[PDB]
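**Q** this one's a deposited entry, sequence included:
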Amino acid sequence: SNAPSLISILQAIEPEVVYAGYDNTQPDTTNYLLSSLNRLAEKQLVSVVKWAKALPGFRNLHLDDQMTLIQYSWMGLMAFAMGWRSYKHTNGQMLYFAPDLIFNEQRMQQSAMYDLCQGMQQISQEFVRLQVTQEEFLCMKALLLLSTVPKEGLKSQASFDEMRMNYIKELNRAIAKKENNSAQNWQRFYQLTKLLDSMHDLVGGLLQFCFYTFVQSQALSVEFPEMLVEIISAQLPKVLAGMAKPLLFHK
Ligand SMILES: CC#C[C@]1(O)CC[C@H]2[C@@H]3CCC4=CC(=O)CCC4=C3[C@@H](c3ccc(N(C)C)cc3)C[C@@]21C
Ligand SMILES: CC#C[C@]1(O)CC[C@H]2[C@@H]3CCC4=CC(=O)CCC4=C3[C@@H](c3ccc(N(C)C)cc3)C[C@@]21C
Ligand SMILES: CC(=O)[C@H]1CC[C@H]2[C@@H]3CCC4=CC(=O)CC[C@]4(C)[C@H]3CC[C@]12C
């Protein structure tokens with residue numbers, strides 16, 4: 001309580017932005033865009049793992065819970081942070097994958113996943129509409145890691161549930177700082193948690209494309225780096241068996 005707030009810790013451990021290493025002089029083509037996003041995903045994946053290990057409460061989970069949460073959440077976390085970066089850097093008009101890999105209309109079209117790009121942009125436009133604050137975002141991003149679990153339950157169910165309640169309490173703390181009335185805070189919590197819930201449907205779409213391009217990678221000439229291959233190969237069978245379920249705030 002005089003302890004450093006959870007928010008101050010989340011601010012301290014928030015990763016720095018990852019560069020794609022993209023050559024912007026190349027023409028916009030499907031396999032160079034998709035292979036480059038996968039190379040970016042590989043670098044963001046090490047960032048995410050490092051961030052997750054520092055997240056207060058996370059290391060108290062069983063190691064199999066930790067790995068499972070990561071497998072189930074990586075796409076959503078990266079998609080959610082992209083919504084944030086697109087909001088802060090382009091007011092939701094473009095997809096800010098990295099400072100050196102920004103998608104405009106032409107690149108979204110050449111990516112072969114135009115509709116999904118639009119999905120991702122709609123998330124960014126909801127950040128813009130709510131004017132999400134940095135403190136809200138960081139709490140929401142933690143909660144997103146804790147929002148897809150095994151149907152069978154986790155090995156550390158009590159520790160997980162306590163951790164989830166602590167991050168929800170911190171999101172409400174971040175909201176109440178603006179010093180609005182209580183009813184306004186309720187509304188804000190509702191809007192932010194709707195935004196979180198809306199990630200699940202987007203992610204399902206993103207997963208469908210990713211899994212397809214993964215299975216067809218040779219024929220499409222779309223490169224998947226080693227760690228991405230590992231996490232997709234692990235996740236794909238569990239999703240197929242329907243082992244994961246979303247934890248929704250709203251029915
Ligand atoms: C209708 C139909 C059809 C299909 O021809 C079979 C699977 C489709 C694929 C599935 C999974 C899929 C998911 C999407 O969300 C957008 C499109 C999509 C497709 C299609 C597609 C077309 C081109 C690529 N490239 C070049 C990487 C990738 C996917 C159309 C696909 C191939
Ligand atoms: C082979 C294999 C495998 C996997 O089970 C799927 C994805 C792996 C992930 C890749 C992406 C990845 C990137 C890293 O930087 C270190 C580890 C790592 C992993 C794995 C992993 C192991 C332990 C944790 N903890 C305890 C937080 C987190 C991640 C091993 C993963 C999950
Ligand atoms: C090549 C491919 O299948 C695409 C479809 C969805 C794409 C991901 C969409 C979410 C995303 C956000 C980032 O900021 C890193 C790149 C990623 C992680 C994208 C990597 C390439 C993906 C996985």
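**A** Perfect, I can see it now. Numbers count the residues shown, from 1 in each chain. Ligands and ions are numbered 1, 2, ... in the order given.
**Q** is stretch 182-202 up against ligand 1 anywhere?
**A** No. No part of stretch 182-202 sits close enough to ligand 1 to count as contact by Cβ under 6 Å from any ligand atom; the gap is at least 10.8 Å. The C-beta positions use only the backbone N, C-alpha and C, and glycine is treated the same way.
**Q** SS state for residue 152?
**A** When classified by DSSP: H, G, I helix; E, B strand; the rest coil, residue 152 comes out as coil.
**Q** chain neighbours aside, what residue packs nearest to it?
**A** Taking Cβ to Cβ, 6 or more residues apart in numbering, and ignoring the residues beside it in sequence, residue 152 has residue 243 as its nearest neighbour in space, at 7.3 Å.
**Q** now do the one you found against ligand 2, distance only.
**A** Going from residue 243 to ligand 2 by Cβ to the nearest ligand atom, to the nearest Å gives 14 Å.
**Q** do a quick rundown of the strands in the protein.
**A** For the chain, strands defined by DSSP state E occupy the ranges 95-98, 101-103, 148-150, 244-246.
**Q** can you list those in JSON lines and add mean neighbour count and distance to residue 87?
**A** Putting the strands of the chain into JSON lines (neighbours: other Cβ atoms under 10 Å; distance: least, Cβ to Cβ, whole Å) gives the following:
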{"stretch": "strand 95-98", "mean neighbour count": "22", "distance to residue 87": "9"}
{"stretch": "strand 101-103", "mean neighbour count": "21", "distance to residue 87": "13"}
{"stretch": "strand 148-150", "mean neighbour count": "19", "distance to residue 87": "23"}
{"stretch": "strand 244-246", "mean neighbour count": "15", "distance to residue 87": "23"}
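**Q** in CSV, list those strands along with distance to residue 112.
**A** Shown next, in CSV, are the strands of the chain (distance: least, Cβ to Cβ, whole Å):
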stretch, distance to residue 112
strand 95-98, 14
strand 101-103, 12
strand 148-150, 26
strand 244-246, 26
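**Q** closest one to ligand 3 among the ones you listed?
**A** With Cβ to the nearest ligand atom as the measure, strand 95-98 is the member of those nearest ligand 3 (4.6 Å).
**Q** the closest one pairs with which strands?
**A** The pairing partners recorded for strand 95-98 under DSSP bridges are strand 101-103 (antiparallel).
**Q** which residues touch the partner strand?
**A** Contacts of strand 101-103 with the rest of the structure, by Cβ atoms under 8 Å, 6 or more residues apart in numbering, involve 20, 22, 24, 36-37, 40, 90, 94-97, 111, 117.
**Q** right, is that strand up against ligand 3?
**A** No. Counting by Cβ under 6 Å from any ligand atom, ligand 3 has no neighbours in strand 101-103; the shortest distance is 8.5 Å.
**Q** residue 51 reaches residue 16, doesn't it?
**A** No. Distance between residue 51 and residue 16: 10.7 Å, which falls outside the contact criterion (Cβ atoms under 8 Å).
**Q** dump the residue contacts of the residue in the stretch 101-250 of the chain positioned nearest to ligand 2.
**A** Of all residues in the stretch 101-250 of the chain, the one sitting closest to ligand 2 is residue 231 (3.4 Å; Cβ to the nearest ligand atom). Applying Cβ under 8 Å, 6+ apart, we find residue 231 in contact with 45, 70, 71, 74.
**Q** swap in 7 Å and give it another go.
**A** When contacts are counted by Cβ atoms under 7 Å, 6 or more residues apart in numbering, residue 231 touches 45, 71, 74.
**Q** what would the residues you listed look like in TSV with neighbour count?
**A** Formatted as TSV, the contacts of residue 231 follow (neighbours: other Cβ atoms under 10 Å):
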residue	neighbour count
45	20
71	19
74	22
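**Q** nice, that's everything, thank you.
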